Amino acid sequence: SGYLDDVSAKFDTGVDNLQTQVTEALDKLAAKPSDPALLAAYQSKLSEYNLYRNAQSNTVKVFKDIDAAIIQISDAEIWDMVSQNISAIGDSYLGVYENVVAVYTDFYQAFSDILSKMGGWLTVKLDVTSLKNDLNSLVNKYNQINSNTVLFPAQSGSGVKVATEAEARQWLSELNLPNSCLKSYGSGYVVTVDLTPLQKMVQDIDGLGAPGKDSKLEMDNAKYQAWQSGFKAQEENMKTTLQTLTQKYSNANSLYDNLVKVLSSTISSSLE
């Protein structure tokens, strides 16, 4: 509709550039495989590329609203009007990250609850059975597909919402989660919490050996320290996953704010 074609066509150039940048970022990383900086740069670019492809596949719905509102102009007002007419984007980008962090925070919080009754389970004697049982119930509970376990899509109220394999895999790589987090359900797929640290924990408790009639098992300090160390390490792993996803979210808010600035500029300029 008039300038809209100008915003979109100029916008497509953006997707091409990011696409090129992603590859370029990836090659720099290929030269130094374990370089943290280059990895972070590449994934921010990947996320950003996905964001623009998001916007692109929503131009109709979005240009509709924005245009309808341009028809009832300041620049801080262009920005404002753009800000409140791109929910199709923010909800499938930021809203997704919002859900990802809330769900993972509750998942972790549930683990914390189990950790909170360790004293009541402690040479030294550990309640192998009681501990392993609480862990296994956590594994099974979060190994299912419901509102407490799904990171993407966001589960809106009642009923399970799925996505295509491609969409789920896209989020799987952006969230940097492992294959075990991708599950099939009905017509499509979903991305859930990573249970690997928890499963390693029980796998470690079993390595401790068969418990006594106590259903508990006494062990000499040597192997106790080694066990609790291995256990605390798995906990830090979950805690690290929660932090990295929180950091991805904060980065996405920034990338999103820059997409809105660009969108606003192209529109404001398409007038002049």
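Residues numbered from 1 in each chain as written, not as in the entry; some residues may be left out. Heavy atoms only, no water.

A.B. asks: Describe the pattern of salt bridges, naming the residues involved and giving the relevant values.
C.D. replies: Enumeration over the complete set of coordinates arrives at 7 salt bridges. A salt bridge links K117 to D134; its shortest N-O distance comes to 2.6 Å. With a relative accessible area of 40%, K117 lands in the partly exposed category. Residue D134 is classed as partly exposed on the basis of its relative accessible area, which comes to 22%. For the salt bridge of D204 with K200, the shortest nitrogen-to-oxygen distance reads 2.9 Å. With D204 and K200 both in helix α8 (residues 196–208) and 4 residues apart, this pair spans about one turn of that helix. Among the residues examined, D204 registers a relative accessible area of 25% and is labelled partly exposed. (Salt bridge = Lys/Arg side-chain N within 4 Å of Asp/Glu carboxyl O. Buried < 20%, exposed > 50% of the residue type's maximum accessible area, 1.4 Å probe, protein only. Helix = DSSP H or I, 4+ residues; strand = E, 2+ residues; numbered from the N terminus.)

A.B. asks: So what about helix α7 (residues 165–174)? Which residues, and what values?
C.D. replies: Restricting attention to buried positions, one finds in α7 the residues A168, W171, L172 and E174. Those residues of α7 that are buried are in contact with α2 (36–56), α5 (87–115), β2 (150–152), β3 (182–185), β4 (188–192) and α9 (221–269). Two residues or fewer past α7, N176 is found with a positive phi of approximately 60 degrees. (Contact = heavy atoms within 4.5 Å.)

A.B. asks: Lay out the packing of α8 against α9 in plain terms, naming residues and giving numbers.
C.D. replies: Packing of α8 against α9 brings their axes to within 9 Å, and their N-to-C directions diverge by 175 degrees. Considering their axes alone, α8 and α9 lie roughly antiparallel with respect to each other. Each of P197, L198, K200, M201, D204, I205 and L208 in α8 lies in contact with α9, whose residues at this interface are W227, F231, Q234, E235, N237 and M238. Taken together, the residues that form the contact of α8 with α9 break down as 8 nonpolar, 2 polar and 3 charged. (Axes fitted to C-alpha atoms, helices over the stretch in contact; angles between N-to-C directions. Parallel < 35°, antiparallel > 145°, perpendicular 65-115°, else oblique. Nonpolar A, V, L, I, M, F, W, Y, C, P; charged D, E, K, R; others polar.)

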